[PDB]
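Below you will find one chain, with nothing else, as structure tokens; this is the form deposited in one PDB entry, and questions on how it binds or moves follow later.
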């Protein structure tokens, strides 16, 4: 159908869409005790994301061919998410990329970042990490400055430690970044968990 063709074209035209859809699918499927407002906003985000890429969700749902039987009025968001994931695989998406995005999303859900995920903010954060933080031969003095506004936009990741307090505990030592004391968990989260994942992602 035209839905699949639109999606197929949108995917090839920008790798960003695959990443954005992976976040939405993985947030829906892995968020814990999701409330109705969460389900409502995830559907909204999916529609905004697909439409901004030029495709209507309805045309895509038509190609999904969910049944559509029988004991409910309307199509559940759960079924659409499940069907979109099925369709993506059928379109032979890069699952190394998908799975890395899903792993990042899971980690972020654990850090109470759902509210910012629902805004669509996660892809910008991934890009910020890829280009400003987890870089080869990056200058620690510059990264330490850049990391500050990056974390300010996504404070859930600080795990309750204040921003200024964190940076009182991040140093340049022997030419490398050093996350000490109360900043050590953030340092490990970035260097050992997120940086390897963002290396797997294409954005």
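C-alpha atoms forming the largest set that superposes within 1.5 Å between two forms make up the rigid core. Numbering follows the first chain given and starts at 1.
One more form of this protein exists, namely the form deposited in another entry; it is left out here, but the text below deals with it.
> Kindly specify the one residue in 44, 67, 51, 58 whose Cα moves by 2 Å or more between this form and the one not shown, with superposition done on the rigid core.
Result of the superposition: 67 is the only one at 2 Å or more.
> State yes or no: after fitting on the rigid core, is the Cα displacement of residue 6 between this form and the one not shown at least 2 Å?
False for residue 6: its C-alpha shift is below 2 Å.
> Would you say residue 155 moves between this form and the one not shown, meaning its CA shifts by 2 Å or more once the core is fitted?
For residue 155, whose C-alpha is compared between this form and the one not shown after core superposition, the shift is less than 2 Å.
> Indicate whether residue 19 shows a C-alpha shift of 2 Å or more between this form and the one not shown, with the rigid core used for the fit.
No, shifts by less than 2 Å.
> With a C-alpha distance change of 3 Å or more, do residue 68 and residue 33 lie closer or farther in the other form?
Farther apart in the other form, by 3 Å or more.
> Do the C-alpha atoms of residue 67 and residue 51 sit closer or farther apart in the other form than they do here, given a shift of 3 Å or more?
Between the C-alphas of residue 51 and residue 67, the gap narrows in the other form (3 Å or more compared with this form).
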